[PDB]
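Below: the structure, in structure tokens.
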Amino acid sequence: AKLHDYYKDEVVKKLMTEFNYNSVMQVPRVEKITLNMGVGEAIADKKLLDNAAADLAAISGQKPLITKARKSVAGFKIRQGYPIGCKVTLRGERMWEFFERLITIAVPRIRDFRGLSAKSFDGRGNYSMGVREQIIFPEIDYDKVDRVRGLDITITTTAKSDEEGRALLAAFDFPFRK
Amino acid sequence: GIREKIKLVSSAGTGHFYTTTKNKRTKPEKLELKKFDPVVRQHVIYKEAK
Amino acid sequence: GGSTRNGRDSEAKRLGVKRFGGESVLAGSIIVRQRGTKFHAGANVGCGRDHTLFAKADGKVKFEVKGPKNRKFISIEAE
Amino acid sequence: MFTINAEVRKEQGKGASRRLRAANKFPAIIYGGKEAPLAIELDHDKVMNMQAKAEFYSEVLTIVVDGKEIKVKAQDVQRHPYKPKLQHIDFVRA
Amino acid sequence: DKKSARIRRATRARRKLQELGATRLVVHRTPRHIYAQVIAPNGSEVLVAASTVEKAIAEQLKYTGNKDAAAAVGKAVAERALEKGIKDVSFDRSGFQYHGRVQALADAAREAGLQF
Amino acid sequence: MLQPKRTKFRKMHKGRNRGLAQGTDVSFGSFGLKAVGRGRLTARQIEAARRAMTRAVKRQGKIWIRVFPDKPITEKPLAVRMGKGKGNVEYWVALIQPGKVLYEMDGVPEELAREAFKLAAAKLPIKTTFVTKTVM
RNA sequence: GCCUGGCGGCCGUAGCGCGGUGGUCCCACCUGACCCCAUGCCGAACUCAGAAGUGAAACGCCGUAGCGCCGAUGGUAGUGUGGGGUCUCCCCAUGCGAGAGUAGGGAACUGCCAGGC
RNA sequence: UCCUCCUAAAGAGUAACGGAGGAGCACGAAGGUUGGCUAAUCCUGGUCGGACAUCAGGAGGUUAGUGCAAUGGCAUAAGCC
RNA sequence: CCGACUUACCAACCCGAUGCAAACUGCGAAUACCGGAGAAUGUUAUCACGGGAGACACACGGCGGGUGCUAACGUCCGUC
RNA sequence: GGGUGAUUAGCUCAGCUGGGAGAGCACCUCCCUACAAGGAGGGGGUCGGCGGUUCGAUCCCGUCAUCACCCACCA
């Protein structure tokens with residue numbers, strides 16, 4: 001696959017051919033991004049978040065899911081059997097296709113971009129790179145917009161180290177805060 | 003109770019009506035399910051529930 | 006009160022105990038108000054979700070402990 | 001604790017235990033040290049006066065069985081619930 | 002592992018086909034190889050075995066996991082089962098989905114004389 | 001004095017004493033008092049014995065009491081004809097047996113521990129006897 | 001023999017962690033999907049054509065008292081029977097005889113078969 | 001009047017105007033069936049969430065769930081989709 | 001923006017000393033209770049239908065429990 | 001002891017369906033004059049305690065704590 005064919009030999013060599021590494025698949029790689037969008041907060045109107053998931057076609061190319069809640073909770077007016085979000089989460093093929101679209105082209109459209117992720121790493125690719133209100137990806141003929149729209153995204157790996165993950169997130173271009 | 007017994011008509015126009023226990027006067031939901039018939043013994047659509 | 010009632014425990018006590026049998030039909034592990042404690046095995050097929058050992062035979066009931074979690078199984082004994 | 005003597009026993013349990021504990025003998029056992037357990041009977045004379053001193057449990061003991069002498073250590077002491085009497089004792093090999 | 006949660010989906014059906022008893026065909030598949038092995042009700046003996054590991058497939062087929070390689074095992078286990086005189090008994094597919102290469106093996110076995 | 005604050009049940013079998021139970025071995029200190037008979041024990045007797053030892057040893061050493069009441073027991077408040085269910089619980093009770101060690105001490109002289117347990121034994125319904133650590 | 005893999009036997013002492021190791025063969029990532037087929041989302045399952053790369057994740061096999069798991073001997077508790085008494089319970093004779101506690105075990109055994117060496 | 005969990009002694013039966021909790025209906029669905037799924041709770045981290053929502057990982061474990069009360073059955077789930 | 005003193009102050013989780021459960025069970029008996037084949041002794045003792053009942057109000061001694069003050073020539077039950 | 005009921009703002013209570021606490025008077029403060037009064041704002045509740053049933057417990061259940069009252073009847 002066209003992203004990994006480069007990453008498996010041309011970069012991160014310090015965890016493939018240097019000290020304590022002779023196995024080339026022992027370094028972490030990107031496979032999943034935890035993109036989610038909720039709808040269960042609008043449970044008293046029931047129509048406010050009815051078609052919000054149908055206008056994510058600029059941030060997720062996949063078909064949404066119906067979902068169910070985790071627990072029946074009264075002060076959130078929700079039953080366990082009731083819909084809570086729409087998923088739209090990218091794993092595999094459409095995740096690498098989004099990793100080529102994040103922070104690569106919309107570079108003249110940023111508001112501050114002071115470093116994205118600075119802390120809260122742990123071992124599972126815990127690099128939170130969400131926008132804090134969207135910048136809109138370059139697209140044909142758009143003219144009407146809304147307030148307080150954005151996404152939350154972490155590039156979570158099947159790993160146990162974000163110390164070794166700091167070599168993965170230094171194999172590609174990514175800012176960090178200084 | 004307040005739920006009470008109710009009889010259904012059929013799409014075959016049977017004299018025999020099908021019985022269930024179901025509310026009409028305070029919580030109507032109706033019923034249409036198809037069941038066994040006593041006239042040719044090959045089932046009929048019991049419907050409407052008054 | 007009021008009352009603590011005491012009620013009853015009722016009869017219908019266990020039939021599926023020791024090597025015995027019938028003459029035409031046997032339900033060698035039939036029990037009331039309990040399910041999922043005993044099961045059927047061998048080549049003769051017992052009852053469904055209740056797994057009671059039923060047989061159309063003069064043969065006697067067999068008690069075994071078999072397979073995973075050493076579960077209680079019932080069959081018909083060869084003589 | 002200078003050397004003590006014991007004898008092998010074959011009759012055991014309740015009535016034989018109470019008939020051994022007749023103000024004259026005690027039951028004992030020797031186990032561990034990569035060898036099988038051995039059941040023995042012990043005369044009351046020395047062992048009771050020996051278990052008065054804490055060195056009986058923190059220093060090894062020499063025991064004679066079948067005329068031959070071996071090293072052991074004290075491990076457990078079973079007592080009587082309503083009289084000051086010894087019921088049974090354990091020794092471990094060294 | 003990538004097999005235990007598949008095997009879990011057959012436990013109930015295995016225990017229902019235990020009411021008919023008799024032999025189990027043990028159809029098993031991997032991306033490079035397709036297998037079938039008729040075992041006794043007690044696991045103590047085997048009747049017949051066929052796979053895409055055999056010289057009668059491994060030089061005829063371009064890949065030993067191919068759809069035609071599953072059909073080639075189907076007609077091979079059948080001609081052996083007929084020679085061992087195996088009659089009408091139930092089918093055993095190790096928790097795999099029948100539609101695909103498992104059905105390709107079973108249909109090629111039905112035309113080759115397997116009683117199913 | 002001396003009872004739990006929550007209970008799963010309070011109506012109980014009175015029961016009888018087997019004469020055995022756990023005990024015999026001193027393991028909180030070096031000296032103690034043993035029951036050496038059968039009888040009945042209350043919290044008021046335990047407190048009267050606690051109040052006795054604190055006159056002999058005052059602030060010296062530590063004092064351990066491995067005993068606490070075994071059951072709630074029901075009583076009716078006036079002399080009465082029995083019937084119409086059991087009464088209520090105002091005290092708990094224990095049955096004690098000869099092997100029970102009641103009280104243990106350590107940081108004190110032996111001739112004072114024995115004298116303090118003699119003073120405490122005067123508060124108890126039965127004859128009681130002095131016990132030592134027995135080196136094990 | 002030793003291994004790779006399959007479905008079982010037995011119903012755990014067989015495990016998990018930590019450590020050792022292989023891909024030659026087997027196997028799992030992995031290659032490609034536009035193709036025959038599909039997902040309450042998906043090349044996850046499933047489908048279909050595989051071998052550019054890998055022994056990492058995973059997987060099989062193995063070693064080891066950190067943890068999960070299992071406990072002998074004797075004495076004791078309990079008990080069946082017959083006899084005695086200083087009988088709100090005990091003794092004597094005798095068949096049966098725990099559990100905790102202690103010493104210790106502990107990382108299986110394996111049946112049938114195809115293939116690799 | 002009817003259902004049991006204890007009293008009950010591991011045959012049956014069985015004592016307190018004793019101890020604990022219920023039924024006199026509801027469910028066309030929680031029914032038939034094909035295929036698929038695995039809890040609670042507690043810890044940390046994650047956008048517009050501000051003890052608490054959307055969810056990610058761990059620890060945890062016949063502690064969730066099942067119309068309705070106790071016990072019994074439940075992962076091949078009878079629980080949920 | 002998180003630090004230091006005190007505290008028979010508390011504690012998930014794990015453990016030792018220690019004393020415990022009928023309405024608790026991650027261990028666990030002895031007898032009793034019943035079926036089948038078979039022998040020995042017997043009062044044919046058996047099981048079943050037909051004719052006739054009478055009776056369904058009882059005390060005590062061991063064994064073991066509940067209940068009472070482990071009081072009563074007390075009380076409620078099991079067992080022989 | 002035995003029984004029948006109850007506990008919400010300082011005080012007297014509304015609201016006893018399992019759905020997010022309310023009135024009058026007081027308090028404190030302004031307009032009216034020094035003030036009861038007339039008017040307008042501002043402020044505080046484990047809705048007695050502790051477990052349990054549940055999506056959810058002032059509310060339903062059990063049991064205490066406190067409060068009010070009836071009964072010590074048969075000779």
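Chains as they are written, first to last, in the authors' numbering: chain BF, 1 to 178; chain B1, 3 to 52; chain BW, 6 to 84; chain BV, 1 to 94; chain BO, 2 to 117; chain BM, 1 to 136.
For each residue, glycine too, the CB sits at the ideal point set by N, CA and C.
In the three-state scheme derived from DSSP, where H, G and I count as helix and E and B as strand, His56 (chain BW) is classed as coil. When rounded, the separation of the alpha-carbon atoms in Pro109 (chain BM) and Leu20 (chain BV) is 38 angstroms. Interface annotation for the stretch 81-115 of chain BM against chain BV: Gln97, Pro98 and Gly99, criterion Cβ-Cβ distance under 8 angstroms. With contacts defined by Cβ atoms closer than 9 angstroms, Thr132 (chain BM) and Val26 (chain BM) form a contacting pair. Per DSSP, the unbroken beta strand (DSSP E) holding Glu104 (chain BM) starts and ends at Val101 to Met105. Rounded to the nearest angstrom, the gap between the Cα atoms of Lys71 (chain BM) and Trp92 (chain BM) is 6 angstroms.
When Cβ-Cβ separations below 9 angstroms define contact, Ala74 (chain BV) makes contact with chain BM. Membership of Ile46 (chain BM) in the alpha helix (DSSP H) is indicated by the continuous run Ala43 to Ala56. A straight-line Cα-Cα distance of about 6 angstroms links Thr57 (chain BW) and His45 (chain BW). Here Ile136 (chain BF) has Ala58, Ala106, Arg109, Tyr142 and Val145 as same chain residues with Cβ atoms under 8 angstroms from its own Cβ, once five neighbours each way along the sequence are excluded. Looking at the DSSP output, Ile89 (chain BV) shares a beta bridge with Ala28 (chain BV) and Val77 (chain BV). One finds nothing in chain BV with a Cβ atom closer than 8 angstroms to the Cβ of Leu124 (chain BM); even the nearest lies about 17 angstroms away.
Counting of Cβ neighbours within 10 angstroms places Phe31 (chain BM) among the buried residues, the total reaching 16 or more. Between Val41 (chain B1) and the set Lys24 (chain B1), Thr23 (chain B1) and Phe19 (chain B1), the nearest pair of CA atoms involves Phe19 (chain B1). Under the three-pair Cβ rule at 8 angstroms, the stretch 21-37 of chain BV counts as touching the stretch 78-91 of chain BV.
Bridge pairing for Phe31 (chain BM): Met105 (chain BM) and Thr132 (chain BM) [DSSP]. Looking at the backbone, the Cα of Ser120 (chain BF) and that of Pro64 (chain BF) are separated by about 29 angstroms. In its chain, beyond the 5 residues on either side, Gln45, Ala48, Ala49 and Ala52 have a beta carbon closer than 7 angstroms to the beta carbon of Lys123 (chain BM). Identification of chain BM residues near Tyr57 (chain BV) by a Cβ-Cβ cut-off of 8 angstroms yields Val135 and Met136, ordered along the chain.
For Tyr82 (chain BV), a Cβ of chain BM is located within less than 9 angstroms of the residue's own Cβ. Annotation for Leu33 (chain BM): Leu102, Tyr103, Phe117 and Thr128 place their beta carbon closer than 6 angstroms to its own, counting only its chain and skipping 5 residues before and after. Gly12 (chain BW) counts as exposed, since fewer than 16 other beta carbons sit within 10 angstroms of its beta carbon.
DSSP places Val39 (chain BO) in no alpha helix (DSSP H) but in the uninterrupted beta strand (DSSP E) bounded by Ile35 to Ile40. Rounded to the nearest whole angstrom, the CA to CA distance from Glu139 (chain BF) to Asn36 (chain BF) is 22 angstroms. Residues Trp64, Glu104, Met105 and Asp106 of the same chain have their beta carbon placed closer than 7 angstroms to that of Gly29 (chain BM), with the five preceding and five following residues left out of the count. Considering only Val30 (chain BW), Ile35 (chain BW), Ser8 (chain BW) and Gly7 (chain BW), the residue with the shortest C-alpha distance to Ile79 (chain BW) is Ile35 (chain BW). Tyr48 (chain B1) sits buried, since 16 or more C-beta atoms from the chains shown fall within 10 Å of its C-beta.
Taking 9 angstroms as the cut-off between beta carbons, the residues of the stretch 4-21 of chain BM near chain BV are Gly19, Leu20 and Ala21, in sequence order. DSSP, reduced to helix, strand and coil, places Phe174 (chain BF) outside both helices and strands of the structure shown, so it counts as coil. With a threshold of 9 angstroms between beta carbons, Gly23 (chain BM) makes contact with chain BV. Inclusion of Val131 (chain BF) and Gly85 (chain BF) in the CB contact set at 9 angstroms is not warranted, their separation being larger than that value.
Positions of the alpha helix (DSSP H) runs, each at least 4 residues long and wholly inside the stretch 4-80 of chain BF, are given as 4-7 in order along the chain. When C-alpha distances from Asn25 (chain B1) are compared across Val46 (chain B1), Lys37 (chain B1), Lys9 (chain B1) and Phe38 (chain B1), the shortest belongs to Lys9 (chain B1). Chain BV has no Cβ within less than 9 angstroms of the Cβ of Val67 (chain BM). Secondary structure note for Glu35 (chain BV): its beta strand (DSSP E) is the uninterrupted segment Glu35 to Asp43. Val26 (chain BM) has a beta carbon lying at 9 angstroms or more from every beta carbon in chain BV.
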